[PDB]
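*Asks:* Pasting in a structure now, in structure tokens, and then I'll have a few things to ask.
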Amino acid sequence: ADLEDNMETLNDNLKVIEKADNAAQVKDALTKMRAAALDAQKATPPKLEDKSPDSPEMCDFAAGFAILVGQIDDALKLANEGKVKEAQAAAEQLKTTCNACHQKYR
Ligand code: HEM
Ligand SMILES: CC(=O)Nc1cc2cccnc2c2ncccc12
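Numbering of the sequence shown is given in mature numbering (1 follows the signal peptide of the UniProt record, and there is no 0), commencing with residue 1 and proceeding in unit increments.
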């Protein structure tokens, strides 16, 4: 998909996880998020469209999602051990990485 749809997915599923009743729900959402994270990792954001893929800015962008995925995976790992609560805790922490990048590039 494209970037906006990716960020929708990311946002919706983050709400789901806040809302989640069991571990399968959370595993599911996190899995959806992972997919979008990775898709988005190769999109070129509007604000950066005039910069070469080489640039500090574009690399930083892509690094964002590298961090984002890693954190998702830590949460995935937690939801896999059935630890719904600690896993929602980890999703909350995502919000940091969202904002940090939104600050720079949204
Ligand atoms: C899981 C955490 C994240 C959530 C919940 C999230 C959600 C959102 C939302 C709701 C929007 C509104 C824009 C729209 O829908 O049209 C948006 C836009 C945007 N986000 Fe994220 N995002 C997250 C992480 C990130 C990260 C890590 C980056 C950079 C690495 C990023 C970069 C952007 C950019 C560039 C836009 C603007 C898109 C446009 O101009 O069309 N986001 N995001
Ligand atoms: C941040 C950065 O250095 N990106 C890249 C830098 C690259 C520099 C030379 C050749 N390929 C790349 C490249 N290819 C795929 C994805 C990213 C890159």
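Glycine included, every Cβ here is placed at the ideal spot set by N, Cα and C.
Between which two residues does the alpha helix (DSSP H) carrying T97 extend?
*Replies:* 84-105
*Asks:* May I ask you to check if the CB of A62 is nearer than 7 Å to at least one heavy atom of ligand 2?
*Replies:* yes
*Asks:* Going along the chain, which residues of its own chain have a beta-carbon closer than 6 Å to the beta-carbon of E18, five neighbours each way excluded?
*Replies:* none
*Asks:* Taking a cut-off of 6 Å, which residues have a beta-carbon closer than that to any heavy atom of ligand 1, in chain order?
*Replies:* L3, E4, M7, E8, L10, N11, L14, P45, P46, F61, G64, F65, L68, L94, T97, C98, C101, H102, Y105, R106
*Asks:* What separation, rounded to the nearest whole angstrom, lies between the Cα atoms of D73 and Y105?
*Replies:* In a straight line, the C-alpha of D73 is about 24 Å away from that of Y105.
*Asks:* Do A79 and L30 count as a contact pair if the criterion is CB distance below 8 Å?
*Replies:* Yes. Within cutoff.
*Asks:* Among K95, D2, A20, which residue has its Cα nearest to the Cα of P46?
*Replies:* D2
*Asks:* Between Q71 and the rest of its own chain, which residues show a CB-CB distance below 6 Å, the 5 nearest in sequence each way excluded?
*Replies:* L94
*Asks:* For a test of the three-state rule: what should DSSP assign to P53, helix, strand or coil?
*Replies:* coil
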